[PDB]
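Remarks on the structure that follows.
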Amino acid sequence: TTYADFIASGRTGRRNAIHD
Amino acid sequence: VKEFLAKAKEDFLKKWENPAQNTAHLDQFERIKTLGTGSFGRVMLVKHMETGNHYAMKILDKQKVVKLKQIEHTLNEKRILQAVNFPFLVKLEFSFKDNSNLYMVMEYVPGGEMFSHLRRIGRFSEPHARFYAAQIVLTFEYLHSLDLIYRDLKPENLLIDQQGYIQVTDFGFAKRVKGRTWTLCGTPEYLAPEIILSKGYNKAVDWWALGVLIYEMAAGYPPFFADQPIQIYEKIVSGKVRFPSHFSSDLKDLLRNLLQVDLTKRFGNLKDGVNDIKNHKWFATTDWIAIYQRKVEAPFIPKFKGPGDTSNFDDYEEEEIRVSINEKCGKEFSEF
Ligand SMILES: Nc1ncc(Cc2ccccc2)s1
């Protein structure tokens, strides 16, 4: 499931802004 | 509305052209706890001694901002915040600087970030998501009427107040621009294709970010995710979106128009502008005036324990505030 794919990914915490 | 926005702009423009400076001093506040961190400092819960009022103070190490080439962005942030005034934007109460740092004292919003509650609960019902989406729709209509692009919409930046209404925080990338602009900034999951592809872009990137938000609220995850940013970018420029089977057909259609790669077709970006969004069927039950006046009951009120309670925020390791004996970067920040 997509939910399962999400939960197991490295991007479920707070996400930093990028720049430049 | 037209007449709301006319008054709003007159109001904004006076403050824009004559920004408030130096309106408090560090020693007027008692420092208590860190509510958040960042690449050039932190936000701390603080107490104003004269009033006993609690605030959130954002501290930016001038040397760190210079190193990361964020001087112009930081002056944008302060100059805009001191000039705007809207129910769904966190208020800047005071700002000042010393030898080492810049300080922005905001209204304290104890409910924490949408992010926290969204992750914890999993996903929001369509009514629950529609409620917060409408507040953002009005907020962007307000900001865009002022020529302001926001450029960092995400649940992490939406604070939930005592009434269960949203307050937008973090103006580090907001800019007053009449034409188009080119800075690559924002958050990977939320970037419009134009940005990733180094085209000039305008406010339509805020509307795209709205579609990412609405989808995240209602699905529980973003329409484009992967373990690394460059894999997220490919997903975004391919512009292939799959919806959860639970998504209503009105929602899928709105989202199709918001997450639209072709800018002549993107909702918010057309001859009728924001009314394309406001008039969409998904929003049919939305009472816009009553949302603005805050008379709709919120789906969720945060658990409140006290004036300066901090449990709706994660814990962060403290670090002392050192103020150098010598002035740093005085010329760079003279207008701050
Ligand atoms: N006004 C504020 N209350 C709490 C804050 C910490 C914070 C600041 C930015 C984004 C998320 C959380 S800021």
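Relative to the present Cα-Cα distance, how much length would full extension add between B:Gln28 and B:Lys7 at 0.36 nm per residue of separation? Show your work: numbers first, answer last.
Working: separation 21, 0.36 × 21 = 7.56 nm, distance 3.39 nm.
Gain on stretching B:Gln28 to B:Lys7: 4.2 nm.
If you place +1 on the Cβ of every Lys and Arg and -1 on the Cβ of every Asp and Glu, how big does the dipole about the Cα centre of chain B come out, in debye to the nearest 20?
On the way: 47 positive and 44 negative charges, 173 e Å.
Here chain B has a charge dipole of around 840 debye.
Using the alpha-carbon atoms, what tilt in degrees (0 to 90, nearest 10) does helix B:249-258 show relative to the longest principal axis of chain B?
Helix B:249-258 and the main axis of chain B meet at about 60 degrees.
Counting only other residues whose beta carbon sits under 12 Å from that of B:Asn202, what net charge do I get with K and R as +1, D and E as -1? Let's see the in-between values first.
Working: positive: B:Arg151, B:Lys175, B:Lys178, B:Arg180, B:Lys199, B:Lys203, B:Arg266; negative: B:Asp147, B:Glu194, B:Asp206.
Residues close to B:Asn202 contribute a combined charge of +4.
What is the angle, in °, between the Cα long axis of helix B:71-83 and the longest principal axis of the Cα atoms in chain B? Nearest 10 is fine, range 0 to 90.
It works out to around 80 degrees.
Taking a spot 7 Å from the Cα of B:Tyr316 along the direction of its beta carbon, which residues of the range B:31-59 have an amide N less than 17 Å from it?
Within reach of a label on B:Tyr316, which here means backbone N under 17 Å from a point 7 Å along Cα→Cβ, the range B:31-59 contributes B:31-47, B:55-59.
Under the rule of -39500 (n - 2.57) per DSSP H run of 4 or more residues, summed and divided by the residues of the protein assembly as shown, what mean residue ellipticity at 222 nm is obtained, to the nearest 500 deg cm²/dmol?
Details: 12 runs with 118 residues, N = 356.
So the calculated ellipticity at 222 nm is -9500 deg cm²/dmol.
Need the C-alpha centroid separation for the range B:190-262 versus the range B:293-336, integer Å.
Taking the Cα centre of each part, the range B:190-262 and the range B:293-336 sit 29 Å apart.
By the scheme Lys and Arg +1, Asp and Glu -1, what is the net charge of all other residues having a beta-carbon under 12 Å from that of B:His246? List each step's numbers first, then the result.
On the way: positive: B:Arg123, B:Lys252; negative: B:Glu126.
Neighbour charge sum, excluding B:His246 itself: +1.
Each label point is 7 Å from the Cα along the Cα-to-Cβ direction; what then is the distance between the points at B:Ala284 and B:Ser324, in nm?
Simple spin-label model gives 6.2 nm for this pair.
Could you work out the relative contact order of chain B? I mean the mean sequence separation of Cα pairs under 8 Å and 6+ apart, divided by the number of residues, in percent. Display every interim value, and only then the final one.
On the way: 547 pairs, mean separation 67.5, N = 336.
That works out to 20 percent.
Dipole magnitude of the range B:47-173 about its Cα centre, charges +1 at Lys/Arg Cβ and -1 at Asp/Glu Cβ only, in debye to the nearest 20? Let's see the in-between values first.
On the way: 16 positive and 15 negative charges, 81 e Å.
Roughly 380 debye, rounded to the nearest 20.
Placing unit charges on C-beta atoms (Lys and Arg positive, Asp and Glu negative, everything else neutral), compute the dipole magnitude of the protein assembly as shown about its Cα centre in debye, rounded to 20. Show your work: numbers first, answer last.
Values: 50 positive and 46 negative charges, 156 e Å.
Value, rounded to 20: 760 debye.
Place a point 7 Å from Cα of B:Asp272 in the direction of its Cβ. Which residues in the range B:182-222 have their backbone N less than 18 Å from it?
B:207-208
Bin width 5 Å, alpha-carbon pairs only: give the P(r) of the range B:153-269 as whole percents, running from 0 to the bin holding the largest distance.
2, 11, 21, 24, 21, 14, 6, 2, 0
Please give the average number of partner chain Cβ atoms lying within 10 Å of the Cβ of each residue in B:182-190, rounded to a whole number. Intermediate values should be presented prior to the final figure.
Working: counts 0, 2, 3, 4, 3, 5, 5, 2, 2.
Mean number of neighbouring Cβ atoms from other chains: 3.
Go ahead and run the numbers for FRET between B:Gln63 and B:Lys252, Cβ-Cβ distance against an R0 of 56 Å, rounding to 0.05.
0.70
Assign one of three labels to chain B, namely rounded, prolate or oblate, based on the Cα gyration tensor with a ≥ b ≥ c the square roots of its eigenvalues; rounded applies when a/c is under 1.5, prolate when it is not and a/b is larger than b/c, and oblate otherwise. Could you put the intermediate results ahead of the total?
Working: a/c = 1.58, a/b = 1.43, b/c = 1.11.
Cα axes put chain B in the prolate bin.
Using only Cα atoms, what Kirkwood radius does the protein assembly as shown have, in angstroms?
Values: mean 1/r = 0.0472 Å⁻¹.
Kirkwood hydrodynamic radius for the protein assembly as shown: 21.2 Å.
Output the 0 to 90 degree angle, nearest 10, between the alpha-carbon long axis of helix B:229-238 and the longest principal axis computed from the alpha carbons of chain B.
Approximately 30 degrees, to the nearest 10.
Using the Cβ atoms and a cut-off under 12 Å, what net charge is assigned to the surroundings of B:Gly179, where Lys and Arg are +1 and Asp and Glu are -1?
Values: positive: B:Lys175, B:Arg176, B:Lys178, B:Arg180, B:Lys203; negative: B:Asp147.
Combined, the nearby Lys, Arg, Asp and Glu give +4.
Want the number for B:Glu72 to B:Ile301: 0.36 nm per residue separation, take away the alpha-carbon distance, what's left? List each step's numbers first, then the result.
Working: separation 229, 0.36 × 229 = 82.44 nm, distance 3.72 nm.
Fully extending the segment from B:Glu72 to B:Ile301 adds 78.7 nm.
Under 10 Å, Cα contacts only: if you run a Gaussian network model on chain B, which one of B:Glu318, B:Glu156, B:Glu189 comes out with the highest mean-square fluctuation?
B:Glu318
Per residue of B:221-230, count partner chain C-beta atoms within 10 Å of its C-beta, then hand back the mean as an integer. All intermediate terms of the calculation are to be shown ahead of the outcome.
Working: counts 8, 3, 0, 0, 8, 4, 4, 3, 4, 0.
Mean shielding count: 3.
Report the Cα centroid-to-centroid distance between the range B:1-54 and the range B:140-182 in angstrom, as an integer.
Taking the Cα centre of the range B:140-182 as reference, the centre of the range B:1-54 is 15 Å away.
With ideal geometry, Cβ positions are generated from the backbone for all residues, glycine too; neighbour counts draw on all protein chains shown. Laboratory data are not the source of any read-out in this text; all were calculated from the coordinates shown.
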